[PDB]
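Taking the form solved without the partner chain, here's one chain by itself in structure tokens.
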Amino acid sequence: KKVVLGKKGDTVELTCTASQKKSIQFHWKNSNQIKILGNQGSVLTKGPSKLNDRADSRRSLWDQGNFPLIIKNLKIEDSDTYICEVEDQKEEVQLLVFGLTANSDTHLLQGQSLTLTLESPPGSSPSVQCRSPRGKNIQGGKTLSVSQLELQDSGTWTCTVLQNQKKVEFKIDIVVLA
């Protein structure tokens, strides 16, 4: 089930709702059944995983059958399928994380090319469609590139990466110097 699009460096929350006697025995594992974090009766316990000090939950929501997994300082290596098992219920969530660099430094001379690279997990070729304030939308795979930058390109651009019906939106501000 589920697909959540993360943006490199950011924080994310993967919801897990369940029926039960408001709050119960839960835990999140990854694909290799590595237990990421669960509840020792009433407290939060995180096992020895690469997500340890970035992985967290929100206990006050347990009483309302919600047991989110929160991963801060997102690395595209966090892209993986997470499982949330609350007592008898099991929920699957795939986290996909992307990066969108601006190879050519935002401040460039007019007539100069601009390249951007979308960082992705080893399992996805999304569609990146960026557009300049001049409305001219560009798209492509890993590398999006602009032939020559007009002075009317300076400022906040917007880039849409689409993956399995969902989308994240990177923004760039380009200082096209004359």
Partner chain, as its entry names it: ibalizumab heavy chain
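Positions refer to the first chain, counted from 1.
Trainee: If you take the mean CA temperature factor per stretch, which one wins between 143-151 and 43-51?
Mentor: Averaging CA B-factors over each stretch, the winner is 143-151.
Trainee: Hey, which bit's got the bigger mean C-alpha B factor in the entry, 97-105 or 73-81?
Mentor: Per the deposited B-factors, the answer is 97-105.
Trainee: With respect to the C-alpha temperature factors reported in the PDB entry, which of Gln163, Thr11, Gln20, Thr15 ranks highest?
Mentor: Highest CA B-factor of the listed options: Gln20.
Trainee: From the list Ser113, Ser60, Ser127, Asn30, select the residue with the highest C-alpha B factor recorded in the entry.
Mentor: Each of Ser113, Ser60, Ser127, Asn30 was compared by C-alpha B-factor; the highest is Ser127.
Trainee: Lowest, middle or highest third of the chain for the C-alpha temperature factor of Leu118?
Mentor: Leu118: CA B-factor falls in the middle third of its chain.
Form solved in complex with the partner chain: not shown, discussed below.
Trainee: Tell me whether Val3, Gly141 and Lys166, taken together, all sit within 4.5 Å of the partner chain in the deposited complex, counting heavy atoms only.
Mentor: Answer is yes for this spot.
Trainee: Only one of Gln112, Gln152, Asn137, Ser127 gets a heavy atom within 4.5 Å of the partner chain in the deposited complex. Which one?
Mentor: So the residue touching the partner chain in the deposited complex, by this definition, is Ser127.
Trainee: Heavy atom within 4.5 Å of the partner chain in the deposited complex: which residues of 81-107 qualify?
Mentor: The stretch 81-107, when checked against the partner chain in the deposited complex, contributes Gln94, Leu96 at the 4.5 Å heavy-atom cut-off.
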